[PDB]
């Protein structure tokens, strides 16, 4: 009764998407808590932020796209009427499966906000503060990059530091919520347009999807069994019996030529 | 005896609604305890409150609506007499399943009250207080946004701060209870009107629901098996045997054209 | 032997009532310990008490009534001689099942007494106290609402505060016990009058209840199987075989019209 | 072998009485330790004691009486020679089962003694004490109600307080033991008179009890099966087949009148 | 193989006596450690001791006697030659089973000695002590009852207190050992006289005991089955079939008179 | 395979003797550690020691003798040539089983030595000590009984106290070892004389023991089955069928006389 | 597969000897750590040491000899050519099994050394020490017995005490190792002489041992079954049937003489 429920869950896309999202959340938390430290330099900070903010998202998106077996077959059919639309729907389903990972990565890394604070701690708009009028531009940048990395100065400095950090946390969380809402709306409208442009009815779609999946599975299994039978026949021609039988009555000792004969696999 | 009870619970809507409510309660608690921090700015506070108060509720409502498979089929039947009423009842059942999540999210986030305090800590009606008469409007806003974010001032300030915070907690909990009562009354009257406008009797309704569910399930399974048989026949035409049989007597080696023949799936 | 005892307990109403009472007790305890805080305002206290005291009880009562499937069928039979009395007995049984939850909620929330103290801490009869003679009415209310919320004053104030709080606890527990006794007496006399007005004998009652339950169950199951057979026949007319059979000899490919034919479910 | 021992224990009245007594002991302990606090008022103390001392006992006795199914049938036979005596013995057995709960509640709540101290802490006979001669009657009551609720005065006061409390504990435990002994003697003499007035011999009694129990059980089961068969026949008249059969050859589609036909249950 | 050993132990009287003794020891320990406190009054002490010392023993003895089913049948045979002696031996066996509980209660409560110290702390023979010569009789009793309840006086008082308490502990343990020895000797001589006056030989006794037990068991079971068959026949006369059969061909609908017919159980 | 080893161990006398010895050791340890306290009186000490030293040993010996079923049959054969010797050997085997418990009790209670110190702490030979010359006889006894009970005096007193206590511990352990050796020698010589006076050979002894045990077991079982058959026949004469049969065709309703007929058990 | 390995281990003498040695080691450790205390007297020390050193060893040796069943049969064959040698080999095997326990007891109690220090702490050769020249002989013994029991004197005394104690520990461990080596050599030479004087070859020995063991086992079992059959036949003569049969057709009621007939067991 186990494998029944296993296959039932494997079919259920909701479980797969939930698992992917949870794994990405946990991985981001561990990654952030382990190997993150602000450079607190004059110009090498924004890059250190944008790297962790962007690069893993793009990488995970490319990984979610390329790791899908059907995508390679579709591209090969495309690389050097109705088929165009069916390929479009297949690509759409694959994209819907793949996009989940980078979106949740971006969402969590913006809602936590610890990357964005270290990302844009230099673009802080400092124009109406009492301590930042006499200082020159260079020392201003020097002391501005300092706040995220560490706090060592008197109370007025730590006050303006907490204010700037809280402002940046607000900006980060607002950007995260905007991204979530815009992305969900885009996904909804994309599913809507996919339903609108579908040349198939509501019932033919189920038959088509089941047909594709079962087609792949059965063709794999049948090709396997066919090659197995062919190799079994070549083995019987070499040695003189079937690998599965028992009490074989004839055992043909191989000659020095038949070894060379079996060297090639007939492609 | 396990799968019996599994299916019995899956049919039972009470269990599904209870699970959804509990999951939303736990998720809201963790979300609030992890990634919430008051901006304590002059104008960027009310938005920070309203975002967490509203946006997740709308998002979860849209998710509960779109994730229902039958809703897509109904909309496709509608998108480009009796059928109208039956579609109305189906939409009603789907809505009844979906609305549970955002309602419980709103309820919990208002009864806890920690979001509402940070949401409307600037609209506090300060007119009869001894320390807020001499201060100008700008510094008044500055010191009013300060109370939710932190407390650093002498005892009179912390006293008025606790009073204002308690007032806002009272307002939040009152709004939450009003929402709960109004929503339950609305749901009750909606179920009443659904019972009133139903053209079917009390017994035909059970037959109709069972018919719809079983219809979907059996059509899926039958289409699957039919496509499986068709692909098995094409495989037998290619290779020369059945993928399930054993001790096949004829093995037809494929030619360079039949591979191109099997390239297309006949749609 | 498991499902035997499962059904035996499910029939046993005592277990269901005990489970409901225990769940309500636990839920009330957690709810009180988590999200309760006295407003300690001048006029917005009694409402804060009465809300938690009353609204959940009414809500749970309505939920226990509407969630009973048979109640909807009875109301539909009533909404637009012997049948009247039988419907009265059915309604009585449903009411007996439903009333348990709000009654135990009220009982526990009065015996704990923490809601009632905060509910009527302003109606405290203060007429023979040494410190409440010189103070004006407004400041009197101000300092009276203060005692439940917090204690910050010298020992005489905390003494009168403890005395008033203990008085209110006594009142709460007395009201709770009166409610318990009156409610049990009412339930007993209602069961007595139900036994008195029953036109059926002692033995016909058992047969009638078993008849109703079994009737509902068998009609559901039979309608399910009938619709299953009908849909199976339509599927055989479409595709050309039975979804359960194996080694089907004829496979009728569907035409572009029969898909439109199967679009309607014949209601 | 499990259900064998389950039924063997269920028959054994000793186990049921032991379980009831243990549950009441635990419930009383928790109830006392959780929601008990002396009013320490001038006149509202004796009632607060007598409530917890008496009301739960009466309530549990009424619950143990009414919850017995056979008692309702006997009363219905009585409500509007040998039968009188047999009904008397049945009532006696039911009373013997029911009385256990309130008796053990009273016993435990008197032996613990914490309720009785707070119950009659005002009737304390204070006539030969050095500090209670000059004080007026009102202040005497005021300071006498104080001792159970709290101790805040010098050592002579706490000495007389401990003496009075110990005296009341002695009185409580003596009353408890007297109640236990008198109640057991009454139960013994009642069983003796039941054995004396029994018109049946020692062996006919066993046959009679087994007859009553088995009669109820078999009549319930048979009425259930009979109604099941009748409803199955009406279902076959409606739809055209048996709900349990498979591969039904005729399926009669229902008409718009037969639905109205099945609306009534023939009572 | 489980139920084999279960019945083998149930037959073994040694296990039952050991279990009873252990349960009484544990119950006495808990009872003493929980609800015991010396009154330390002038005249209300000896009763407080004698109650716990005696009353539970008598109560448990009466309970061990009356709870034995065979004792009721024997008394009924006696209440309004060889039979006299056989009834005497049956009564003897029942008494031997019953006496174990109160004897072990008395033994443990005397060997622990904490009840006896508080029981006779007033009869202490104080005649050769230096501090008890000048004090009057009333104050002498007052200070003598004080020692068991509490110790608050200088070292000479606590010295004489420890001496008196140790003397009383010695007396208690001596009384306990005397009771144990005398009781075992009495039990031995009673078994001896039972063996002497037995008119049956050594082998007939085993047959007689097995006969009595098996007689009771088989008569119970047979009466049960007989009444079951009779009620099944009346049910077949009412409804028209057997409650155990399947695919009953005739179903007789009951009339309004046969319900009244089945109202009486034929006694 | 379990019950095989169970019976194999039950036959093995070594296991039974080991279990008895271990149980007595544990019981003595707990008994000593729980309820032992020196009286430290002038004349009521030696008795307090000798009681715990002797009485439990005698009690356990009598219990080990009387609890043996075969001993009662042998005594009955004796109470009002070869048979004499066989009865002597049976009595010898029973004595060998029984003596183990009191011997190990005495051994452990002497080797631990804590009872003997308190037993003979007054007979201490005090003749060559510096502090015991001036003191009178009465005060000498008073201060001598004091040492075991407590130590409160200066260092010379505690020195002589430790010396006397160590001397008594030495005496106790020496007595224990002498008892062990003498008892084992006596047991060995008794087994030797039993082997010498046996009129049976080495092989007839095994047959005789197996014969006795199997005789008792089979006679018990056969008498049980015989009485069961007889009671079954009387039941068939009363009711008209066999308690084990099913689908009995004749059911004889009993008359008012046959109940009186079955009242007597035919002895 | 369990009982296979159980019997395989039971045959393996190495396991039995290892278990005996381990049990004796653990028992000695517990015994020493629990009930050992130096007398520290003038003449009652050496005996206190020699008792624990010797008596348990002799006792365990006698127990290991007498508890062997075959030893009793051999002695009975001896008590009032080839047989002499075979009896010698049997006695040798029994001795080899038995000697293990006292040898390991002695070994462990000497290697631990705590008994020997207290055994010969008076024979300490004190002739070249600075503090033992002026003191008389009596006080010399007094202060010499003191060192093992306790240390209370200045540093020179504790120095000579540690030196003497270490010397005695060395002596003890040397004696232990000498005992181990001498005993193993003796056991080896005894096995050698047993192999030398054996009149049987290497193969006949295995057959002889297996013959003896199997002989005892089969004769026991056969005598048991034979006596069982004989008693079954006497039971059939008394009652009239077989205790194992079912549905016995004739049941012979016993008469008053046949009970006397069965009173004797025919020896």
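Note that chain D is numbered according to Swiss-Prot, with residues 4-83, 94-280 shown in order.
Determination method: electron microscopy, 4.2 Å.
Just so it is clear, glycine is given a Cβ too, placed from its N, Cα and C backbone atoms.
Feature annotations, reproduced from Swiss-Prot:
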TRANSMEM  D:15-37  transmembrane segment
TOPO_DOM  D:38-48  topological domain 'Extracellular'
DISULFID  D:41-D:131  disulfide bond
DISULFID  D:43-D:162  disulfide bond
TRANSMEM  D:49-71  transmembrane segment
TRANSMEM  D:104-129  transmembrane segment
TOPO_DOM  D:130-183  topological domain 'Extracellular'
TRANSMEM  D:184-207  transmembrane segment
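Between residue D:131 (disulfide bond) and residue D:43 (disulfide bond), the C-alpha separation comes to 8 Å. Scored by C-beta pairs under 8 angstroms, the transmembrane segment (D:49-71) has its highest count with D:104-129, from the stretches D:15-37, D:104-129, D:184-207.
Listed as Cβ neighbours of the topological domain 'Extracellular' (D:38-48) (distance under 8 Å, sequence separation of 6 or more from its ends, same chain) are residues 55, 127-128, 131-132, 134-135, 154-155, 158-159, 161-163. Residue environment of residue D:131 (disulfide bond) contains 24 other Cβ atoms, counted within 10 Å of its Cβ in all protein chains.
If you draw a 10 Å sphere around the CB of residue D:41 (disulfide bond), it holds 22 other CB atoms from the protein chains shown. Separation of the C-alpha atoms of residue D:162 (disulfide bond) and residue D:41 (disulfide bond): 6 Å, rounded to the nearest whole number. According to DSSP, residue D:131 (disulfide bond) is assigned to a helical segment.
Neighbour counts of Cβ atoms within 10 Å were compared across the disulfide-bonded residues D:43, D:162; the minimum falls on D:162. According to its DSSP assignment, residue D:162 (disulfide bond) is helical. Here the topological domain 'Extracellular' (D:38-48) is broken down by DSSP into helix, strand and coil counts: 0 helix, 0 strand, 11 coil.
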